[PDB]
$ cat run.cif   # mmCIF, C-alpha atoms
data_start
#
loop_
_atom_site.label_atom_id
_atom_site.label_comp_id
_atom_site.auth_asym_id
_atom_site.auth_seq_id
_atom_site.Cartn_x
_atom_site.Cartn_y
_atom_site.Cartn_z
CA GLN A 383 -8.78 5.34 -8.68
CA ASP A 384 -10.39 8.78 -8.69
CA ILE A 385 -13.56 7.28 -7.17
CA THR A 386 -11.55 5.90 -4.24
CA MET A 387 -9.34 8.98 -3.78
CA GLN A 388 -12.41 11.24 -3.67
CA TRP A 389 -13.93 9.06 -0.94
CA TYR A 390 -10.49 8.97 0.67
CA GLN A 391 -10.34 12.77 0.70
CA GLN A 392 -13.86 13.04 2.14
CA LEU A 393 -12.99 10.99 5.22
CA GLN A 394 -9.68 12.87 5.50
CA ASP A 395 -10.95 16.45 5.25
CA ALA A 396 -14.08 15.48 7.21
CA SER A 397 -11.87 14.31 10.08
CA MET A 398 -9.96 17.58 9.69
CA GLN A 399 -13.25 19.40 10.27
CA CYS A 400 -13.33 17.47 13.55
CA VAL A 401 -9.79 18.71 14.26
CA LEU A 402 -11.39 22.17 14.12
CA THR A 403 -14.55 21.49 16.13
CA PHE A 404 -12.81 20.88 19.48
CA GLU A 405 -9.80 23.21 19.13
CA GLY A 406 -11.18 24.81 22.30
CA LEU A 407 -10.25 21.65 24.20
CA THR A 408 -6.56 22.02 23.18
CA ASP A 412 -7.53 26.40 32.60
CA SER A 413 -6.57 24.18 35.52
CA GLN A 414 -9.75 22.05 35.52
CA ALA A 415 -10.28 22.13 31.74
CA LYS A 416 -7.03 20.17 31.41
CA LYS A 417 -8.33 17.65 33.96
CA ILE A 418 -11.41 17.04 31.80
CA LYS A 419 -9.43 16.51 28.59
CA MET A 420 -7.27 13.89 30.31
CA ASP A 421 -10.30 12.26 31.95
CA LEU A 422 -11.95 11.73 28.56
CA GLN A 423 -8.75 10.75 26.74
CA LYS A 424 -8.15 8.36 29.65
CA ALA A 425 -11.65 6.89 30.02
CA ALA A 426 -11.81 6.39 26.23
CA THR A 427 -8.60 4.43 25.55
CA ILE A 428 -8.06 2.14 28.55
CA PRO A 429 -11.09 -0.04 27.64
CA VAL A 430 -9.78 -0.74 24.13
CA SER A 431 -6.42 -1.75 25.62
CA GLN A 432 -8.05 -4.51 27.72
CA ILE A 433 -9.91 -6.18 24.84
CA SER A 434 -6.95 -8.52 24.19
CA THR A 435 -6.64 -9.60 27.84
CA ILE A 436 -10.22 -10.54 28.81
CA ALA A 437 -12.57 -13.51 28.61
CA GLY A 438 -15.29 -13.42 25.98
CA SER A 439 -17.92 -13.81 28.70
CA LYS A 440 -16.64 -10.52 30.14
CA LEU A 441 -15.90 -8.82 26.79
CA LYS A 442 -19.44 -7.42 26.74
CA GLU A 443 -18.55 -5.28 29.77
CA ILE A 444 -16.09 -3.23 27.70
CA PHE A 445 -18.53 -2.88 24.79
CA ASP A 446 -21.25 -1.47 27.04
CA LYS A 447 -18.72 0.71 28.87
CA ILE A 448 -17.70 2.21 25.53
CA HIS A 449 -21.33 2.42 24.39
CA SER A 450 -22.40 4.02 27.67
CA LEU A 451 -19.66 6.65 27.77
CA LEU A 452 -20.26 7.43 24.11
CA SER A 453 -24.08 7.44 24.18
CA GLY A 454 -24.23 9.96 27.04
CA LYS A 455 -24.34 7.61 30.00
CA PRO A 456 -21.65 7.76 32.70
CA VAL A 457 -18.73 5.37 33.13
CA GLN A 458 -16.33 4.59 35.95
CA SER A 459 -12.83 5.99 35.39
CA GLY A 460 -10.70 5.54 38.50
CA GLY A 461 -12.70 6.64 41.53
CA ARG A 462 -14.94 9.46 40.34
CA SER A 463 -17.56 9.01 37.62
CA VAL A 464 -17.10 10.59 34.19
CA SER A 465 -19.80 11.64 31.72
CA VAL A 466 -20.21 13.33 28.34
CA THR A 467 -23.81 14.52 28.64
CA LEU A 468 -24.04 18.21 27.75
CA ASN A 469 -20.38 18.01 26.66
CA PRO A 470 -20.55 18.57 22.88
CA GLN A 471 -16.78 18.98 22.51
CA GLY A 472 -16.17 16.07 24.87
CA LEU A 473 -18.46 13.96 22.69
CA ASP A 474 -16.62 14.95 19.51
CA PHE A 475 -13.34 14.57 21.41
CA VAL A 476 -14.01 11.01 22.58
CA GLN A 477 -15.00 9.79 19.10
CA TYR A 478 -11.65 11.00 17.76
CA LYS A 479 -9.46 9.44 20.45
CA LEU A 480 -11.55 6.26 20.45
CA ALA A 481 -11.25 5.83 16.68
CA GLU A 482 -7.48 6.36 16.86
CA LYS A 483 -6.99 4.04 19.83
CA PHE A 484 -8.62 1.27 17.80
CA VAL A 485 -5.98 1.91 15.14
CA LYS A 486 -3.09 2.33 17.58
CA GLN A 487 -3.98 -1.07 19.03
CA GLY A 488 -3.82 -2.55 15.54
CA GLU A 489 -0.49 -0.72 15.29
CA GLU A 490 1.25 -1.67 18.56
CA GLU A 491 -0.47 -4.94 19.54
CA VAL A 492 -1.82 -6.66 16.44
CA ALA A 493 1.57 -6.11 14.80
CA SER A 494 3.25 -8.01 17.65
CA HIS A 495 0.44 -10.58 18.13
CA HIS A 496 -1.73 -11.40 15.12
CA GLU A 497 -4.40 -13.20 17.18
CA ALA A 498 -5.54 -9.99 18.90
CA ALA A 499 -7.08 -8.60 15.68
CA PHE A 500 -10.37 -10.47 16.04
CA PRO A 501 -11.38 -9.59 19.63
CA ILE A 502 -10.58 -5.96 18.78
CA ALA A 503 -12.38 -6.11 15.43
CA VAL A 504 -15.74 -7.33 16.80
CA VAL A 505 -15.79 -4.49 19.33
CA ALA A 506 -14.84 -1.94 16.69
CA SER A 507 -17.48 -3.44 14.38
CA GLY A 508 -20.27 -3.16 16.94
CA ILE A 509 -19.45 0.42 17.95
CA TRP A 510 -19.19 1.40 14.28
CA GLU A 511 -22.61 -0.22 13.88
CA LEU A 512 -24.19 1.81 16.68
CA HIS A 513 -22.26 5.05 15.93
CA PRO A 514 -21.33 5.44 12.25
CA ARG A 515 -19.46 8.70 12.90
CA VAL A 516 -16.92 6.77 14.99
CA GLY A 517 -16.47 4.46 12.02
CA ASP A 518 -15.69 7.24 9.57
CA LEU A 519 -13.08 8.44 12.06
CA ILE A 520 -11.80 4.85 12.24
CA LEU A 521 -11.34 4.89 8.47
CA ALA A 522 -9.79 8.37 8.60
CA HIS A 523 -6.90 7.42 10.89
CA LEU A 524 -6.51 3.97 9.34
CA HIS A 525 -6.22 5.68 5.95
CA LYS A 526 -3.62 8.27 7.02
CA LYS A 527 -1.50 6.01 9.23
CA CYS A 528 -1.84 3.23 6.62
CA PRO A 529 -2.47 4.46 3.06
CA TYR A 530 -2.03 0.89 1.80
CA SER A 531 -5.45 0.13 3.32
CA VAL A 532 -7.25 2.67 1.11
CA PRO A 533 -5.48 1.28 -0.99
CA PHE A 534 -3.21 3.86 -2.61
CA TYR A 535 0.56 3.96 -3.13
CA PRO A 536 1.83 7.52 -2.48
CA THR A 537 4.31 8.68 -5.11
CA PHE A 538 7.63 10.43 -4.57
CA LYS A 539 7.03 14.08 -5.46
CA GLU A 540 9.33 16.99 -6.27
CA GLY A 541 8.90 20.23 -4.33
CA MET A 542 8.38 18.67 -0.88
CA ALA A 543 10.97 17.45 1.60
CA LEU A 544 11.91 13.78 1.76
CA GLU A 545 10.96 13.38 5.44
CA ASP A 546 7.42 14.66 4.77
CA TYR A 547 7.12 12.07 1.99
CA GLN A 548 8.28 9.23 4.24
CA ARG A 549 5.52 10.07 6.73
CA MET A 550 2.91 9.71 3.98
CA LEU A 551 4.19 6.17 3.42
CA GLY A 552 3.29 5.58 7.08
CA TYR A 553 6.84 5.53 8.44
CA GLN A 554 6.84 6.48 12.11
CA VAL A 555 9.35 9.30 12.55
CA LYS A 556 10.47 11.02 15.69
CA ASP A 557 11.63 14.60 15.19
CA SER A 558 15.12 13.10 14.74
CA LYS A 559 14.91 10.19 12.27
CA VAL A 560 12.61 7.75 10.47
CA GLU A 561 11.66 4.35 11.85
CA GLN A 562 13.18 1.17 10.42
CA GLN A 563 11.54 -0.85 7.63
CA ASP A 564 11.12 -4.17 9.46
CA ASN A 565 9.22 -2.54 12.34
CA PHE A 566 7.26 -0.53 9.76
CA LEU A 567 6.16 -3.61 7.84
CA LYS A 568 4.87 -5.04 11.13
CA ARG A 569 2.93 -1.85 11.90
CA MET A 570 1.39 -1.99 8.43
CA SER A 571 0.56 -5.69 8.69
CA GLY A 572 -1.15 -5.44 12.07
CA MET A 573 -3.20 -2.49 10.84
CA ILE A 574 -4.75 -4.35 7.90
CA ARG A 575 -5.12 -7.65 9.74
CA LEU A 576 -7.30 -5.58 12.08
CA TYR A 577 -9.09 -4.05 9.10
CA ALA A 578 -9.38 -7.44 7.37
CA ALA A 579 -10.99 -8.75 10.57
CA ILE A 580 -13.39 -5.81 10.90
CA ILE A 581 -14.95 -6.32 7.46
CA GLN A 582 -15.85 -9.96 8.27
CA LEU A 583 -16.90 -9.97 11.96
CA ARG A 584 -20.16 -8.71 13.45
CA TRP A 585 -21.01 -7.92 17.05
CA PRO A 586 -23.43 -10.73 18.04
CA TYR A 587 -25.47 -9.17 20.83
CA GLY A 588 -27.94 -6.30 20.44
CA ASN A 589 -30.40 -7.70 17.87
CA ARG A 590 -29.27 -5.62 14.90
CA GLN A 591 -31.69 -5.51 11.98
CA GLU A 592 -29.41 -3.69 9.56
CA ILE A 593 -26.34 -4.46 7.42
CA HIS A 594 -22.66 -4.60 8.35
CA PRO A 595 -21.35 -1.02 8.80
CA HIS A 596 -18.23 -1.60 6.66
CA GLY A 597 -19.26 -4.78 4.90
CA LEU A 598 -17.23 -7.57 3.36
CA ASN A 599 -17.75 -5.90 -0.03
CA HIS A 600 -14.88 -3.53 0.77
CA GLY A 601 -12.66 -6.61 1.06
CA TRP A 602 -13.25 -7.74 -2.53
CA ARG A 603 -12.46 -4.34 -4.07
CA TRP A 604 -9.31 -3.90 -1.96
CA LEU A 605 -7.83 -7.11 -3.37
CA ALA A 606 -9.01 -6.10 -6.84
CA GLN A 607 -7.69 -2.55 -6.42
CA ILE A 608 -4.13 -3.52 -5.41
CA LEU A 609 -3.79 -6.28 -8.04
CA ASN A 610 -4.81 -3.95 -10.88
CA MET A 611 -1.80 -1.71 -10.12
CA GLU A 612 1.90 -2.43 -10.25
CA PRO A 613 3.12 -3.94 -6.96
CA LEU A 614 5.60 -2.36 -4.59
CA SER A 615 8.67 -4.46 -3.88
CA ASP A 616 8.09 -5.75 -0.34
CA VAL A 617 4.94 -4.14 1.10
CA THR A 618 2.46 -5.57 -1.41
CA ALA A 619 3.58 -9.20 -1.17
CA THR A 620 3.44 -8.97 2.64
CA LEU A 621 0.14 -7.15 3.10
CA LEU A 622 -1.52 -9.37 0.50
CA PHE A 623 -0.63 -12.51 2.46
CA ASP A 624 -1.69 -11.37 5.92
CA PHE A 625 -4.94 -10.09 4.38
CA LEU A 626 -5.91 -13.35 2.65
CA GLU A 627 -4.91 -15.37 5.71
CA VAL A 628 -7.25 -13.23 7.84
CA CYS A 629 -10.12 -12.66 5.39
CA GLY A 630 -9.62 -15.26 2.65
CA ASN A 631 -11.97 -17.71 4.34
CA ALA A 632 -14.81 -15.19 4.73
CA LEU A 633 -14.24 -14.06 1.13
CA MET A 634 -14.33 -17.60 -0.28
CA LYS A 635 -17.75 -18.33 1.24
CA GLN A 636 -19.36 -15.10 0.01
CA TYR A 637 -17.91 -15.30 -3.53
CA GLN A 638 -17.55 -19.00 -4.34
CA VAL A 639 -16.32 -19.01 -7.95
CA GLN A 640 -15.27 -15.36 -8.31
CA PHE A 641 -12.74 -15.61 -5.48
CA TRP A 642 -11.02 -18.73 -6.87
CA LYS A 643 -10.75 -17.10 -10.31
CA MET A 644 -8.94 -14.22 -8.58
CA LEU A 645 -6.72 -16.76 -6.77
CA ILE A 646 -5.76 -18.89 -9.80
CA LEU A 647 -4.76 -15.53 -11.33
CA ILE A 648 -2.13 -14.27 -8.87
CA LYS A 649 -0.21 -17.53 -9.28
CA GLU A 650 -0.01 -17.16 -13.07
CA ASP A 651 0.13 -13.37 -13.59
CA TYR A 652 0.80 -11.36 -10.41
CA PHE A 653 3.38 -13.70 -8.86
CA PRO A 654 5.85 -13.48 -11.79
CA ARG A 655 5.47 -9.70 -11.52
CA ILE A 656 6.78 -9.66 -7.95
CA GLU A 657 9.88 -11.72 -8.83
CA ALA A 658 11.15 -9.03 -11.22
CA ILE A 659 10.87 -6.06 -8.85
CA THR A 660 12.42 -7.71 -5.76
CA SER A 661 16.04 -8.76 -5.27
CA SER A 662 16.81 -12.14 -3.71
CA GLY A 663 17.79 -10.36 -0.48
CA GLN A 664 14.21 -9.41 0.49
CA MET A 665 12.08 -12.21 -0.99
CA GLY A 666 10.69 -13.11 2.44
CA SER A 667 7.30 -11.62 1.57
CA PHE A 668 6.80 -13.28 -1.82
CA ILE A 669 8.23 -16.64 -0.72
CA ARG A 670 5.66 -17.14 2.05
CA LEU A 671 2.90 -15.68 -0.13
CA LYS A 672 3.19 -18.90 -2.17
CA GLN A 673 3.61 -21.34 0.75
CA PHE A 674 0.26 -20.06 2.00
CA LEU A 675 -1.42 -20.65 -1.37
CA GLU A 676 0.01 -24.00 -2.54
CA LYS A 677 -1.69 -25.60 0.46
CA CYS A 678 -4.92 -23.67 -0.11
CA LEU A 679 -4.88 -24.24 -3.88
CA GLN A 680 -4.70 -28.04 -3.64
CA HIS A 681 -6.79 -28.08 -0.46
CA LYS A 682 -9.39 -25.86 -2.19
CA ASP A 683 -9.94 -24.24 1.22
CA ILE A 684 -8.40 -21.36 3.18
CA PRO A 685 -7.76 -22.18 6.87
CA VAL A 686 -9.71 -20.19 9.41
CA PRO A 687 -7.44 -17.39 10.72
CA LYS A 688 -5.52 -18.57 13.76
CA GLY A 689 -7.10 -16.64 16.63
CA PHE A 690 -10.64 -16.52 15.20
CA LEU A 691 -13.35 -16.18 17.83
CA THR A 692 -15.46 -19.29 18.45
CA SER A 693 -18.50 -19.93 20.62
CA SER A 694 -16.26 -21.42 23.31
CA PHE A 695 -14.76 -17.93 23.55
CA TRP A 696 -18.09 -16.25 24.28
CA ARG A 697 -18.89 -18.55 27.25
CA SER A 698 -15.42 -18.91 28.80
CA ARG B 1098 12.08 -43.73 -51.93
CA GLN B 1099 15.19 -42.48 -50.11
CA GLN B 1100 14.06 -38.86 -50.22
CA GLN B 1101 10.59 -39.79 -48.96
CA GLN B 1102 11.89 -41.84 -46.03
CA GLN B 1103 14.38 -39.18 -44.93
CA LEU B 1104 11.56 -36.64 -44.67
CA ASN B 1105 9.13 -39.08 -43.03
CA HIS B 1106 11.90 -39.80 -40.52
CA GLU B 1107 12.63 -36.14 -39.75
CA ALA B 1108 8.91 -35.52 -39.26
CA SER B 1109 8.57 -38.60 -37.04
CA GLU B 1110 11.40 -37.52 -34.72
CA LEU B 1111 10.22 -33.91 -34.48
CA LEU B 1112 6.68 -35.13 -33.79
CA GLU B 1113 7.96 -37.34 -30.97
CA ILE B 1114 9.77 -34.37 -29.40
CA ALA B 1115 6.77 -32.10 -29.91
CA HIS B 1116 4.41 -34.47 -28.07
CA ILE B 1117 6.84 -34.61 -25.14
CA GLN B 1118 6.93 -30.81 -25.06
CA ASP B 1119 3.13 -30.66 -25.18
CA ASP B 1120 2.80 -33.20 -22.36
CA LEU B 1121 5.22 -31.11 -20.29
CA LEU B 1122 3.58 -27.73 -20.92
CA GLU B 1123 0.12 -29.09 -20.10
CA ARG B 1124 1.30 -30.77 -16.89
CA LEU B 1125 3.32 -27.77 -15.70
CA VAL B 1126 0.44 -25.32 -16.21
CA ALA B 1127 -1.96 -27.60 -14.33
CA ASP B 1128 0.42 -28.43 -11.46
CA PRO B 1129 -0.88 -27.05 -8.12
CA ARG B 1130 2.66 -26.86 -6.70
CA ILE B 1131 3.92 -24.43 -9.38
CA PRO B 1132 3.66 -20.68 -8.66
CA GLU B 1133 1.59 -18.68 -11.14
CA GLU B 1134 4.53 -16.34 -11.79
CA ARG B 1135 6.56 -19.25 -13.18
CA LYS B 1136 3.73 -20.78 -15.24
CA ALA B 1137 3.40 -17.73 -17.50
CA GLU B 1138 7.16 -17.99 -18.05
CA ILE B 1139 6.86 -21.69 -18.93
CA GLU B 1140 4.03 -21.04 -21.39
CA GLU B 1141 6.17 -18.45 -23.18
CA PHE B 1142 9.14 -20.76 -23.86
CA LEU B 1143 7.25 -24.03 -24.56
CA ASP B 1144 4.18 -22.92 -26.59
CA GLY B 1145 6.17 -22.13 -29.70
CA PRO B 1146 8.98 -23.68 -31.75
CA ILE B 1147 10.07 -27.16 -30.75
CA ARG B 1148 12.97 -27.24 -28.29
CA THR B 1149 15.91 -29.60 -28.00
CA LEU B 1150 15.62 -32.68 -25.81
#

$ encode --input "run.cif" --output "structure tokens"
Amino acid sequence: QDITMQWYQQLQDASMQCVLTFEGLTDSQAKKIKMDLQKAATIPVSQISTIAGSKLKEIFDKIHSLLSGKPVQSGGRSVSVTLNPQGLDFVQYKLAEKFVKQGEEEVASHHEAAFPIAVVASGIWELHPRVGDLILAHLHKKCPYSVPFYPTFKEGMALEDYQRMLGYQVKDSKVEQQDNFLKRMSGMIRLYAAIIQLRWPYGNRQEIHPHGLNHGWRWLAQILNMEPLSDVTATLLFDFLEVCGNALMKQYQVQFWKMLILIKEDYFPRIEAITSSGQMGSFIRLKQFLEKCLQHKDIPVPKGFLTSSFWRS
Amino acid sequence: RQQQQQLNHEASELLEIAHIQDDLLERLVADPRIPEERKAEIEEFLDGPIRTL
């Protein structure tokens, strides 16, 4: 997976170059500006789950306006980014991470919210590809299983530093649990699995999807050609196919079913050996989801998918 | 004639068992309600020497 890890490093170190570009943003009024941008660049993403589709275009334009140079209403006074080169590079970073935090602390709790957040992330990525590379940067670090790559336990570094690589949320004191960590990882790739299939409707876009559905085929191929982890793999595989299996079936008619009549024969027996009966909850539901789909020859539309009824009311 | 019949009888019984085993293996592999992980395990133990009833 050298090809993928090189591309992975590019987005990582390239986001690190962004960590260096606005270090000057790290006075009494200069602190007011930093908060005003961090504030007026993360509230809109938090309301995407709680709005009507008829109104959802308001948030898209409000993000597009603030980010394109135009002003936006934050509180009472108006905020802008024009002639604010660090504020521009600062908003793209916090915006890209807020999209991931929402997939981390909302999509984990409520799977339906992935799609209204994905379309908005997909349209902004479309108009501003730099924001999208920052979206992949944070998604990759917070969730390395979305690259995908399984970090290995290494000698010479502390254990706590290794647990963070795995994506475990740790306060300075201790590491987060595993059950709450599996939810954070699920919600993050259900969001990602929704992004690679949905497209912002309005705007009259001539070009291709920013992060197309092609990245969904390789991801499934790239995690099934490596040995599975005990509980993560069987979980993340399910909540990925449930979200993006339908869109992947239509694009690749016969090639997707060949990949699906394979996991039942080859990759499913592999998961039984590595996992004790005490934590089979991932693999057991991975089959319940298929057995229906296999005999039905169809993957249900993800529960929460956006319909036309959503865009009018 | 006795030695012929005893061999024709052993081959007839083993052929009856073998056909049962072949009908099973085929049906199990094709069954939608069987997980893939198990099918590979079934193919290993049934696509070889003939098993007891």

$ interface_residues --input "run.cif" --of "chain B" --to "chain A" --cutoff "7 Å" --atoms "all atoms listed in the file" --output "PyMOL selection string"
chain B and resi 1129-1130+1132-1137

$ residues_around --input "run.cif" --residues "residue A:486" --least-positions-apart "5" --cutoff "12 Å" --atoms "all atoms listed in the file" --output "PDB file with C-alpha atoms, keeping the file's coordinate frame"
ATOM      1  CA  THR A 427      -8.600   4.430  25.550  1.00  0.00           C
ATOM      2  CA  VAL A 430      -9.780  -0.740  24.130  1.00  0.00           C
ATOM      3  CA  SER A 431      -6.420  -1.750  25.620  1.00  0.00           C
ATOM      4  CA  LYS A 479      -9.460   9.440  20.450  1.00  0.00           C
ATOM      5  CA  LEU A 480     -11.550   6.260  20.450  1.00  0.00           C
ATOM      6  CA  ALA A 481     -11.250   5.830  16.680  1.00  0.00           C
ATOM      7  CA  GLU A 491      -0.470  -4.940  19.540  1.00  0.00           C
ATOM      8  CA  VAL A 492      -1.820  -6.660  16.440  1.00  0.00           C
ATOM      9  CA  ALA A 493       1.570  -6.110  14.800  1.00  0.00           C
ATOM     10  CA  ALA A 499      -7.080  -8.600  15.680  1.00  0.00           C
ATOM     11  CA  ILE A 502     -10.580  -5.960  18.780  1.00  0.00           C
ATOM     12  CA  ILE A 520     -11.800   4.850  12.240  1.00  0.00           C
ATOM     13  CA  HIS A 523      -6.900   7.420  10.890  1.00  0.00           C
ATOM     14  CA  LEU A 524      -6.510   3.970   9.340  1.00  0.00           C
ATOM     15  CA  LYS A 527      -1.500   6.010   9.230  1.00  0.00           C
ATOM     16  CA  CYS A 528      -1.840   3.230   6.620  1.00  0.00           C
ATOM     17  CA  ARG A 569       2.930  -1.850  11.900  1.00  0.00           C
ATOM     18  CA  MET A 570       1.390  -1.990   8.430  1.00  0.00           C
ATOM     19  CA  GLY A 572      -1.150  -5.440  12.070  1.00  0.00           C
ATOM     20  CA  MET A 573      -3.200  -2.490  10.840  1.00  0.00           C
ATOM     21  CA  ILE A 574      -4.750  -4.350   7.900  1.00  0.00           C
ATOM     22  CA  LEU A 576      -7.300  -5.580  12.080  1.00  0.00           C
TER      23      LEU A 576
END

$ atom_distance --input "run.cif" --atom1 "atom CA of residue A:531" --atom2 "atom CA of residue A:604"
7.7 Å

$ atom_distance --input "run.cif" --atom1 "atom CA of residue A:628" --atom2 "atom CA of residue A:575"
6.3 Å

$ atom_distance --input "run.cif" --atom1 "atom CA of residue A:404" --atom2 "atom CA of residue A:478"
10.1 Å

$ closest_residue --input "run.cif" --among "B:1131, B:1126, B:1114, B:1121" --to "residue B:1150" --atoms "all atoms listed in the file"
B:1114

$ residues_around --input "run.cif" --residues "residue A:466" --least-positions-apart "3" --cutoff "7 Å" --atoms "all atoms listed in the file" --output "ChimeraX atom specification"
/A:451,454,469,472-473

$ resolve_selection --input "run.cif" --expression "the PyMOL selection byres ((chain A and resi 545) around 12)" --output "ChimeraX atom specification"
/A:538-539,542-544,546-561

$ resolve_selection --input "run.cif" --expression "the PyMOL selection byres ((chain A and resi 446) around 12)" --output "JSON, numbers by chain"
{"A": [429, 430, 440, 441, 442, 443, 444, 445, 447, 448, 449, 450, 451, 452, 453, 454, 455, 456, 457, 458, 505, 508, 509, 512, 585, 587, 588]}

$ residues_around --input "run.cif" --residues "residue B:1122" --least-positions-apart "3" --cutoff "8 Å" --atoms "only C-alpha atoms" --output "PyMOL selection string"
chain B and resi 1118-1119+1125-1126+1139-1140+1143-1144

$ closest_residue --input "run.cif" --among "A:434, A:416, A:692, A:422" --to "residue A:463" --atoms "only C-alpha atoms"
A:422

$ residues_around --input "run.cif" --residues "stretch 1106-1113 of chain B" --least-positions-apart "6" --cutoff "12 Å" --atoms "only C-alpha atoms" --output "MDAnalysis selection string"
chainID B and resid 1099:1100 1119:1120 1146:1150

$ residues_around --input "run.cif" --residues "residue A:683" --least-positions-apart "5" --cutoff "12 Å" --atoms "only C-alpha atoms" --output "ChimeraX atom specification"
/A:626-627,630-635,638,641-642,645,674-678

$ closest_residue --input "run.cif" --among "A:474, A:402, A:421, A:602" --to "residue A:515" --atoms "all atoms listed in the file"
A:474

$ decode --input "run.cif" --residues "stretch 547-562 of chain A" --atoms "N, CA, C and O atoms" --output "CSV table (one decimal), in the first residue's frame"
chain,number,residue,atom,x,y,z
A,547,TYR,N,0.8,5.5,20.8
A,547,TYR,CA,0.3,4.5,19.8
A,547,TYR,C,-1.2,4.4,19.8
A,547,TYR,O,-1.8,4.2,18.7
A,548,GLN,N,-1.8,4.5,21.0
A,548,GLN,CA,-3.2,4.4,21.1
A,548,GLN,C,-3.9,5.6,20.4
A,548,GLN,O,-5.0,5.5,19.8
A,549,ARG,N,-3.3,6.8,20.4
A,549,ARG,CA,-3.8,7.9,19.7
A,549,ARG,C,-3.8,7.7,18.2
A,549,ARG,O,-4.8,8.0,17.5
A,550,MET,N,-2.8,7.1,17.6
A,550,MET,CA,-2.7,6.8,16.2
A,550,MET,C,-3.9,5.9,15.8
A,550,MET,O,-4.5,6.2,14.8
A,551,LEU,N,-4.3,4.9,16.7
A,551,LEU,CA,-5.5,4.1,16.4
A,551,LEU,C,-6.7,4.9,16.4
A,551,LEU,O,-7.8,4.4,16.1
A,552,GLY,N,-6.7,6.2,16.8
A,552,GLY,CA,-7.9,7.0,16.8
A,552,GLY,C,-8.5,7.1,18.2
A,552,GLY,O,-9.6,7.8,18.3
A,553,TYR,N,-8.0,6.5,19.2
A,553,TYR,CA,-8.6,6.5,20.5
A,553,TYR,C,-8.5,8.0,21.0
A,553,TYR,O,-7.4,8.6,21.0
A,554,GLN,N,-9.6,8.5,21.5
A,554,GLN,CA,-9.7,9.8,22.1
A,554,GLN,C,-9.1,9.7,23.5
A,554,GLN,O,-9.6,8.9,24.3
A,555,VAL,N,-8.1,10.4,23.8
A,555,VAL,CA,-7.5,10.4,25.1
A,555,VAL,C,-7.4,11.8,25.7
A,555,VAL,O,-6.9,12.7,25.0
A,556,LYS,N,-7.9,12.0,26.9
A,556,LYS,CA,-7.6,13.1,27.7
A,556,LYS,C,-6.2,13.0,28.2
A,556,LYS,O,-5.5,11.9,28.0
A,557,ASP,N,-5.6,14.0,28.8
A,557,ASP,CA,-4.3,13.9,29.3
A,557,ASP,C,-4.2,12.8,30.3
A,557,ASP,O,-3.1,12.2,30.6
A,558,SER,N,-5.3,12.4,30.9
A,558,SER,CA,-5.3,11.3,32.0
A,558,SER,C,-5.3,9.9,31.4
A,558,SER,O,-4.4,9.1,31.7
A,559,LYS,N,-6.3,9.6,30.6
A,559,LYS,CA,-6.5,8.2,30.2
A,559,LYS,C,-7.1,8.1,28.8
A,559,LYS,O,-7.5,9.1,28.2
A,560,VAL,N,-7.2,6.9,28.3
A,560,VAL,CA,-7.7,6.6,27.0
A,560,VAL,C,-9.2,6.4,27.0
A,560,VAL,O,-9.7,6.0,28.0
A,561,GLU,N,-9.9,6.8,26.0
A,561,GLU,CA,-11.3,6.5,25.9
A,561,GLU,C,-11.6,5.0,25.7
A,561,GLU,O,-10.8,4.2,25.4
A,562,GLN,N,-12.9,4.7,26.1
A,562,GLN,CA,-13.3,3.3,26.0
A,562,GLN,C,-13.3,2.8,24.6
A,562,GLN,O,-12.9,3.5,23.7
